[PDB]
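Below, read A as the first sequence line, B as the second, and so on, with proteins coming before strands; counting in each chain starts at 1. We use all heavy atoms of the structure for the numbers below, so side chains are in, but hydrogens, waters and symmetry mates are not.
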Amino acid sequence: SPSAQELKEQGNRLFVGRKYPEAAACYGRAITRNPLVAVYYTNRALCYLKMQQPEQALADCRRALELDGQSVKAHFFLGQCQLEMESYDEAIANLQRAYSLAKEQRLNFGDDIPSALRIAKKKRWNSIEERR
Amino acid sequence: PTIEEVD
C-alpha cells in the first residue's frame, strides 16, 4: 500500500533502469493516489516519448498543463510530440514557450531547449525540401 | 542537467 510519493519514487527508479513501460505504469499508480500533481503526468509523458508513443505523451502533457500552466517540461514534451506528428509550427511555438518559461523561472537545462528548437526548425525546412 | 529526466 505505497503512498503517491513512494510510487513516484519507484517510477523514477524504474526510469533510471530504463524500464519505461514499468515506470509509466508506476506513475499511473501515483496518479491514482493523487491525480492533482502535474509532475506525475510530465514524468509519464517522458516515458511515453521514450516508448515512441507521442499520442499518449501528448494527452499527459495536456493533463499537466491543466494543473500547471507554467510547466516548462509540459510545453517541451508537447513540442516533441508535435514534431513527431509533423506539426512544425506548433512544435516550434511550444519549444519557444518552454524556453521563455525556463528563462522566467531561472531553470538550467543546459542547451537542451535551443538544441530542440534547432532540430525542429531543421525538420520543418527538410519537409519543404522533400516536396520540391 | 538535462530536461529529459523525471522529477
Considering residues, nucleotides and ligands other than A:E129, do more than 12 of their heavy atoms fall under 6.0 Å from its CD? yes

To the closest 0.5 Å, what do you measure between CD (A:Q70) and OG (A:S100)? 11.0 Å

Please say yes or no: joined through hydrophobic side-chain contacts below 4.5 Å, possibly via intermediate residues, are A:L107 and A:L101 part of one cluster? yes

All pairs passing ring pair (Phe, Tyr, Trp, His ring centres under 6.0 Å) where residues 17-51 of chain A contributes a residue, at least two apart: A:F15-A:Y20

Is the shortest side-chain heavy-atom distance between A:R124 and A:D89 below 4.5 Å? yes

Calculate, to the nearest 0.5 Å, the distance between atoms CG and NZ belonging to A:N126 and A:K122 respectively. 11.0 Å

Heavy-atom pair of closest approach, residues A:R131 and A:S127: NH1-O, 3.0 Å

For A:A120 versus A:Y88, what's the shortest heavy-atom pair and its separation? O-CD2, 4.4 Å

State, to 0.1 Å, how close A:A57 and A:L49 come at their nearest heavy-atom pair, and which atoms those are. CB-CG, 3.9 Å

Least distance between heavy atoms, A:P35 atom then A:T32 atom: CD-O, 4.4 Å

Distance check, rounded to the nearest 0.5 Å: A:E55 atom CD versus A:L58 atom CG? 8.5 Å

If you measure from CG on A:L67 to OG1 on A:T42, what distance do you get to the nearest 0.5 Å? 10.0 Å

Is any side-chain heavy atom of A:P2 less than 4.5 Å from a side-chain heavy atom of A:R29? yes

Do A:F109 and A:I92 land in one hydrophobic cluster if side-chain heavy atoms of ILVMFWY residues count as linked below 4.5 Å? yes

side-chain contact (heavy atoms from CB on, under 4.5 Å) between A:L78 and A:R97: does it pass, once the steps are laid out? CA-CA 11 Å; A:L78 181 59; A:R97 180 64 169 159; over 6 Å; no

Please name the pair of heavy atoms, one in A:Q80 and one in A:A116, separated by the smallest distance, quoted to 0.1 Å. OE1-CB, 3.6 Å

Are A:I113 and A:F76 close enough that some pair of their side-chain heavy atoms sits under 4.5 Å apart? yes

Is there a path of hydrophobic side-chain contacts, each under 4.5 Å between heavy atoms of I/L/V/M/F/W/Y residues, joining A:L46 to A:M51? yes

Can you tell me if A:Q5 has over 12 outside heavy atoms packed within less than 6.0 Å of its CD? yes

Is any side-chain heavy atom of A:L95 less than 4.5 Å from a side-chain heavy atom of A:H75? no

Give the C-alpha distance, both sets of side-chain angles, the deciding distance and a yes or no for salt bridge (charged side-chain N to carboxylate O under 4.0 Å, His left out) between A:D68 and A:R63. CA-CA 9 Å; A:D68 175 19; A:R63 290 154 197 146; over 6 Å; no

Do A:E6 and A:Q10 pair up side chain to side chain, a donor and an acceptor below 3.5 Å, judged on atom types alone? no

To the nearest 0.5 Å, atom NZ of A:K19 lies from atom SG of A:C47 at 12.0 Å

Yes or no on side-chain contact (heavy atoms from CB on, under 4.5 Å) for B:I3 and A:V72, after CA distance, side-chain angles and deciding distance? CA-CA 9 Å; B:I3 196 168; A:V72 171; 4.2 Å; yes

Can you tell me how far apart SG (A:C26) and CD1 (A:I31) are? Round to the nearest 0.5 Å. 11.0 Å

Smallest heavy-atom separation, A:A45 atom then A:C61 atom, equals CB-SG, 4.0 Å

Are B:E4 and A:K50 close enough that some pair of their side-chain heavy atoms sits under 4.5 Å apart? yes

